[PDB]
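Asker: Can you read through this structure? Questions will come right after.
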Amino acid sequence: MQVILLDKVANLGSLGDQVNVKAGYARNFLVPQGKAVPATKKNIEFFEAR
Amino acid sequence: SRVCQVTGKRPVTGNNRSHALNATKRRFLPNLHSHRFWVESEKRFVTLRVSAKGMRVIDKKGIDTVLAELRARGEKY
RNA sequence: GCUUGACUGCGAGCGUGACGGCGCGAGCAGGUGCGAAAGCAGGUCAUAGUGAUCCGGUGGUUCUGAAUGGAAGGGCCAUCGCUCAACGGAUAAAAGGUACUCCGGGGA
RNA sequence: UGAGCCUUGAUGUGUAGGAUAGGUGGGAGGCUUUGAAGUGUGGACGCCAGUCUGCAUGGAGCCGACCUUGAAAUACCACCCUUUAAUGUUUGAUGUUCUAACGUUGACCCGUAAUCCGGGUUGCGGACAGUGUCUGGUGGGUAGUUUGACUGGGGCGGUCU
RNA sequence: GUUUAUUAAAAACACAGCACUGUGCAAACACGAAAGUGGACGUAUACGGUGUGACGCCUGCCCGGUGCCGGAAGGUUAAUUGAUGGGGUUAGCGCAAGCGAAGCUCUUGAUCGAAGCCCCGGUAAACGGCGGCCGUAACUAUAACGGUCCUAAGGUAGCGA
RNA sequence: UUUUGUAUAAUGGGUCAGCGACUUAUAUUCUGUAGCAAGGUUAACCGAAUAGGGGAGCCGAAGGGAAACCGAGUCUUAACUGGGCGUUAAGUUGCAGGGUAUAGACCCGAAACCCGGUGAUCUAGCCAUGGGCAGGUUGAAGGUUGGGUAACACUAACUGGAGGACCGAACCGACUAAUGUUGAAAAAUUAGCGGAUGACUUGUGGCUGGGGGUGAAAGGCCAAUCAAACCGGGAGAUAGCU
RNA sequence: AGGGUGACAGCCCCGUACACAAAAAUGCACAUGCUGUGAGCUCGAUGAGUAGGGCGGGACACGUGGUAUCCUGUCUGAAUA
RNA sequence: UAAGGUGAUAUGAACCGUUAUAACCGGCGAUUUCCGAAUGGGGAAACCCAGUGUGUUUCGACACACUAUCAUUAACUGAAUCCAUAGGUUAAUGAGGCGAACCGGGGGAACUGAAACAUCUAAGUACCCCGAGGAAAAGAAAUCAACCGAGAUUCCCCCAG
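Heads up: the protein sequence lines correspond to chains H and X, in order. All the letters of the first sequence, read from the start, carry residue numbers 1 to 50 under the authors' numbering. All the letters of the second sequence, read from the start, carry residue numbers 1 to 77 under the authors' numbering.
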């Protein structure tokens, strides 16, 4: 899915961009425990100025 | 029970239909799995018996939105 | 020797079956073959060589076409697939045991 | 490692022939002194015919209907094909490793003087196992049934049109 | 000892022993939609199933058939993937006969595709099988023996008139 | 009553009295009858409620044809001398009756299937807690001593009390025979018989429930029943049978 | 109307037709008051794991048939007057 | 309302009352032991066994009152793990059970019909379970109609076998 990375993620690393990823690696690693955020058009607009 | 907590899918009945169309009673069992969820508002492992489709509903709505819906219609977790 | 009448749409009237069916049929309408012609030919000397219906396959026919124009499907016509042999065919699909026997009727 | 895909370069001996001609198009000038023909080597293709090219020698040209050929240009520009090579994207196969899903009828902590269960820590596995839907094989374990009629009684034999 | 309460107390059933197979523990198996229990608070000198039935001498031959256990190239083969081809519909082109773009829809199903089966090898204290035809020894009978029968192989030991 | 056929020794009835079997609804056809007539007639409902109002709709005078369509004609065929079917005969609505269809459909009767419940106070197996087994014999392992052996082995005494051990009561069974067979008893009595310190027996309480339980395996047991218990419901199951 | 009174009752008796009566509780109507719910106008907004699709079923008279529509256990998945 | 009256089998005995406190009928109340949702714990239903607070001109022993579970809300507290949560206590409100049909939803056969029987029919009927009301359910169009329209749902008669 189109989650946006935040921290120093390894290869497929974006440092903040919309990239494609499987759902099993999105949840429970990139969603909670962090280093990413969902893209439901409320989070990405509030984190646009970050 | 095998009722899904998010969607509400209950096991319904069906029929075996072979080549000779002989009817035999059976049931439709959902694909339920006990999956553990970390929430951000309460900061707690929230375990839920969800379906394979009910996990996908959490992926769109969010884990905080589903727990607000479980509070409204009366179920507990 | 020469040809395709083993032809198409019909048929007064009659035989034969409970019925479904089956069998004979001059003559007429259209178009052919043989014979010079009168005429004959709607398979074979006759009587056996067979299978209803349902569901479909194929070809033809504007007949129907769920708002309209089409189409799918169906009907008509042509035609194919059943040793349904228990052959007027109960299903697309079916073998044994009962001195453990149990009911209903008649019998030594 | 099998495959697509995106650019970049090789790559093409029916036959005459200046010579290992990819097909159609635009097309008589493009390029070279920001150093070219034409020789001499290495790497390298191969039906060892010949060609590509780094470097170096060389220091000012190759090219065009050129006459030939069924079809004329590494003069150049475009869509690229056949074959083949490298990097790179992408989809699967095989195999190794790891943790975050998940399993724990391992230890330990708390609710809790509690062999259940739940929360928490830790250890060993680990995307297997297991489960749901779909599907092939197996399956009297079980369930519903079929298993014909005439007939010197019935069965055997035999018959049914 | 046990059993057909209420026709059959036995030759039956059970029995210790023996043998085979399953099972590494969250065991196999069984009851249960599941949880869980039993198996077991046991651990291959143990447990579950089958078979024979103290003990003594012993338990031969045949793996084709039917099961089981493997092995594995080829052949066929479900779900899934939907390549090509055909048909319907029509913007438009065609005085019309007809053809036909994209889009959508229908039909056909090239390819991917595991077990099972075909195939190969073991397993008889697994299920089973252990034959016909002739010739031949005394009084007869029998066949040590001598051929054929390609069904996988033809009754050994012990006995029985 | 059943039959080709009965006094038949075919079936049924002890008698009397009471009760007991061709109905009802909705459809359609025929006949009788009544009203109206090329028309007849309403259903629901309104209602001053058997009136009146309501003509939605059904049936009939027109059929042929698969249908489009054509029409007193039409279809089949290229077209019919024709042929097939029709045209030149009054139906419709009430009532009563004879039939059929669907409902239990003239009545009585199965053996059985399924669902929902009830029972292990009888019996089969088990779990926990207790009790019972008179009496009399046979004399194992072991212990001690002696003989014997190079020494063991081995043997002779006493001690010892092992046994799905023997005989035999209680108890637990039920093999033979007799009485009994509308019995005293819906399996018993008398006299013989088997086990009787164990794979025993027994009191009390609990557990296992029907397509299941349990079974030292008979298809036995599971409330005097068991090739699928009991009771209620589907149920007035069905019967081409008496 | 009906029943009873020693046999069959309009006039014997209880009633019937008719005409009235509620301290207290309560049903239903309008009338009024209070606590709350909330008019109307204009400007928006238009219900996403949803419609639809594959497989497997069920329900509409309609049994997969050329089979629409509706429901969904599984797998996916839009458009925005 | 009243001169009669103390339910009946059922008399008898003993009284009450006659002009408003006999009896009878109606409305509003009081009393309401024990069991049964039974709710202080248990239980072989009509019984057994307690705890807390409060009361004794006899402060021994009794009497009055309260104490089930669950849902929701509020307050006070409160682990592993520091904050937090789980968990614990108290208080207010409400639910539990019974009952004949109708209704909605979740499960759901077989006898039988097809002259047998498997698709089918019987039939979403019987039964079982949950929930609600005096009705429930349904209900203001992503519905029918066909170029004319109608304008939610439910029920009756036709359409129509």
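For each residue, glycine too, the CB sits at the ideal point set by N, CA and C.
Rank H:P38, H:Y25, H:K42 and H:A49 by C-alpha distance to the C-alpha of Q18 (chain H) and give the top, closest one.
Answerer: Counting from 1 along the first sequence, the entry for residue 18 (chain H) is found at position 18. Checked all of H:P38, H:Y25, H:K42 and H:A49; the closest Cα to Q18 (chain H) is H:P38.
Asker: Starting from the C-beta of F37 (chain X), find all residues in its chain whose C-beta is less than 8 angstroms away, skip the five residues before and the five after it, and write them out in chain order.
Answerer: Within the second sequence, the letter at position 37 stands for residue 37 (chain X). The answer, listed in chain order, is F45, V46, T47, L48, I58 and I63.
Asker: Could you say if the region 20-39 of chain X and the region 5-25 of chain H meet the contact criterion of at least three C-beta pairs nearer than 8 angstroms?
Answerer: With the cut-off at 8 angstroms, the region 20-39 of chain X and the region 5-25 of chain H do not touch.
Asker: Between which two residues does the beta strand (DSSP E) harbouring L21 (chain X) extend?
Answerer: Taking the first residue of the second sequence as position 1, residue 21 (chain X) is located at position 21. Element bounds for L21 (chain X): n/a, residue is neither H nor E.
Asker: Counting only the same chain and skipping the five closest in sequence on each side, list residues whose C-beta sits under 7 angstroms from that of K53 (chain X).
Answerer: As a position in the second sequence, residue 53 (chain X) is number 53, starting the count at 1. Once the five neighbours on either side are set aside, the close Cβ partners of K53 (chain X) are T7.
Asker: Counting only Cβ pairs nearer than 9 angstroms, list the residues of chain H close to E40 (chain X).
Answerer: The count along the second sequence starts at 1 and reaches residue 40 (chain X) at position 40. Residues of chain H passing the Cβ test: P32.
Asker: Expressed to the nearest angstrom, what Euclidean distance is found between the alpha-carbon atoms of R27 (chain X) and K35 (chain H)?
Answerer: Here residue 27 (chain X) corresponds to residue number 27 of the second sequence, with the count starting at 1. Here residue 35 (chain H) corresponds to residue number 35 of the first sequence, with the count starting at 1. Approximately 43 angstroms, taken between the alpha carbons.
Asker: Should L15 (chain H) go down as buried or exposed, given a rule of 16 or more other Cβ atoms within 10 Å for buried?
Answerer: Taking the first sequence and counting its residues from 1, the one referred to as residue 15 (chain H) is at position 15. Answer is exposed; the Cβ neighbour count stays below 16.
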